[PDB]
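Chains as they are written, first to last, in our numbering: chain G, 1 to 48; chain A, 49 to 96; chain E, 97 to 144; chain R, 145 to 258; chain V, 259 to 375. In this text, a Cβ means the ideal position worked out from N, Cα and C, and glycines have one as well. These notes are about the structure you will find just below.
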């Protein structure tokens, strides 16, 4: 019963479901960044 | 002052047992689905 | 650690089911999602 | 029972000014927020401006810098001053008292003509 | 989903090259694409990538040296290399993802093109 139901490492290969490069809203063009879906509607982007 | 003038209830201070009252009647069952939406543009445009 | 506590469990649950409103439609009879509330996830095959 | 009555709507030329007023009967409207909405033909009734009892204002994007919402708790009246009107400002304007009920006005038509 | 590359076999350092990658089964301008090279006896290295919006991103290897272009009408991805170096030797593939560093399930690849410098 954990809130994050998967063990996530930053070197895990992308799969497009919970580990993938993404682009969010931006003022202009943005470089995609690797992000991790830790729970439903909850994403984490380990980037400055 | 009217005969219909509403009398207000109390203002219970937020105590731990009231938090437990809401905890025991909270619904943890339903979580909204990650539905399939129509694809947006490649670059999402938006500012803060 | 937040989800382990009772209060934090409630907080995360409320956050998850608080989906941003589909208020993007100019027509009152339609429901349209707002782009800025979404992201683009790049799939392995190259589609997003 | 609470009653909202608006007034001051008419037809107005592009760049002109128009003053909308709304009086309240049946409630003191102290410590109660107020708002002005507008409904365009065929569109949903949308928020234009909100003003709190303390005087704080909150505007929409298309209306900020051109409209000014004010109120008088003593006279129990809300005002909306529309300056530099544009054709998008055409529609039926409704006043609202954010009270114990869905207190709306009758609605007055504003038409920007060119 | 078919991808076939075509690029010059060899040139000694100090020159240039144009690699091509012809696609079939989809529209090349609608998916993120990448260029990735593999040196013999080593893993993959992300060379470049191109967005469906036409924006291209190149990694540490050959930034300012290589440029990634794409022709929508021809449906073909191009890699214009200049100032090649001996450490740029390997087999070059046009991968189907963004920053494609390994083989990922559901991802399409090409057979490769030999480049020796």
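Given a cut-off of 7 Å on the beta-carbon distance, is the pair residue i and residue j in contact?
i, j, result
"residue 349 of chain V", "residue 296 of chain V", "yes"
"residue 146 of chain R", "residue 170 of chain R", "yes"
"residue 259 of chain V", "residue 287 of chain V", "no"
"residue 223 of chain V", "residue 305 of chain V", "The structure shown does not extend to residue 223 of chain V, since chain V is modelled only from 259 to 375, so the question has no answer here."
"residue 175 of chain R", "residue 164 of chain R", "no"
"residue 34 of chain G", "residue 21 of chain G", "yes"
"residue 234 of chain R", "residue 255 of chain R", "yes"
"residue 238 of chain R", "residue 249 of chain R", "yes"
"residue 210 of chain R", "residue 227 of chain R", "yes"
"residue 79 of chain A", "residue 112 of chain E", "yes"
"residue 195 of chain R", "residue 173 of chain R", "no"
"residue 180 of chain R", "residue 241 of chain R", "no"
"residue 364 of chain V", "residue 140 of chain E", "yes"
"residue 124 of chain E", "residue 71 of chain A", "no"
"residue 23 of chain G", "residue 136 of chain E", "yes"
"residue 27 of chain G", "residue 68 of chain A", "no"
"residue 142 of chain E", "residue 357 of chain V", "no"
"residue 92 of chain A", "residue 25 of chain G", "yes"
"residue 208 of chain R", "residue 168 of chain R", "no"
"residue 76 of chain A", "residue 109 of chain E", "yes"
For residue i and residue j, which I take to be in contact (beta-carbon distance under 8 Å), what is that distance rounded to the nearest angstrom?
i, j, result
"residue 3 of chain G", "residue 144 of chain E", "Actually they are not in contact, since the Cβ atoms of residue 3 of chain G and residue 144 of chain E sit about 27 Å apart, beyond 8 Å."
"residue 229 of chain R", "residue 186 of chain R", "Rounded, the Cβ-Cβ distance is 20 Å, inconsistent with contact."
"residue 371 of chain V", "residue 263 of chain V", "4 Å"
"residue 14 of chain G", "residue 308 of chain V", "Actually they do not touch by this definition, with Cβ atoms about 17 Å apart."
"residue 29 of chain G", "residue 327 of chain V", "At roughly 17 Å, the Cβ-Cβ gap does not stay under 8 Å, so residue 29 of chain G and residue 327 of chain V are not in contact."
"residue 302 of chain V", "residue 346 of chain V", "Contact doesn't hold; Cβ gap of about 14 Å is too wide."
"residue 218 of chain R", "residue 197 of chain R", "Incorrect: roughly 12 Å between the Cβ atoms, too far for contact."
"residue 206 of chain R", "residue 166 of chain R", "Their Cβ separation, rounded to whole angstroms, is 21 Å, which puts residue 206 of chain R and residue 166 of chain R out of contact at 8 Å."
"residue 373 of chain V", "residue 344 of chain V", "With a Cβ gap of about 11 Å, residue 373 of chain V and residue 344 of chain V do not count as contacting."
Which one or two residues does DSSP pair with residue i in a beta bridge?
i, result
"residue 26 of chain G", "A:93"
"residue 320 of chain V", "None, per the DSSP bridge assignment."
"residue 136 of chain E", "G:23"
"residue 37 of chain G", "G:43"
"residue 86 of chain A", "BP columns for residue 86 of chain A are empty, so no partner."
"residue 178 of chain R", "R:195 and R:241"
"residue 248 of chain R", "R:240"
"residue 376 of chain V", "This structure leaves residue 376 of chain V out entirely; chain V is present only between 259 and 375."
"residue 17 of chain G", "According to DSSP, residue 17 of chain G bridges with nothing at all."
"residue 374 of chain V", "V:268"
"residue 162 of chain R", "R:226"
"residue 260 of chain V", "V:282"
Suppose the cutoff is 8 Å on Cβ atoms and the five residues either side in sequence are ignored; what does the same chain contact list for residue i look like?
i, result
"residue 120 of chain E", "128, 129, 130 and 131"
"residue 32 of chain G", "21, 22 and 23"
"residue 66 of chain A", "60"
"residue 158 of chain R", "229, 230, 231, 256, 257 and 258"
"residue 118 of chain E", "127, 128, 129 and 130"
Within its chain, find whatever has a CB closer than 6 Å to the CB of residue i; leave out the 5 residues flanking it on each side and keep chain order.
i, result
"residue 37 of chain G", "18 and 43"
"residue 266 of chain V", "275"
"residue 203 of chain R", "193"
"residue 291 of chain V", "308 and 335"
"residue 317 of chain V", "304"
"residue 155 of chain R", "255 and 257"
"residue 251 of chain R", "236 and 238"
"residue 281 of chain V", "261 and 333"
"residue 138 of chain E", "144"
"residue 315 of chain V", "307"
"residue 183 of chain R", "189, 235 and 236"
Tell me which same chain residues have a C-beta within less than 7 Å of the C-beta of residue i, skipping the five on either side of it?
i, result
"residue 273 of chain V", "342"
"residue 191 of chain R", "179, 181 and 204"
"residue 105 of chain E", "99"
"residue 278 of chain V", "263, 264, 265, 334 and 336"
"residue 47 of chain G", "33"
Which chain C residues are close to residue i, counting only those with a beta carbon under 8 Å from its beta carbon?
i, result
"residue 144 of chain E", "Absent from the structure is chain C; the protein chains it does hold are G, A, E, R and V."
- Going along the chain, which unbroken runs of the beta strand (DSSP E) with 3 or more residues stay wholly within the region 285 to 316 of chain V? 291 to 296, 302 to 308 and 314 to 316
- Item | Complete runs of the beta strand (DSSP E) confined to the region 184 to 236 of chain R [at least 3 residues] | 190 to 195, 201 to 203, 211 to 216 and 221 to 226
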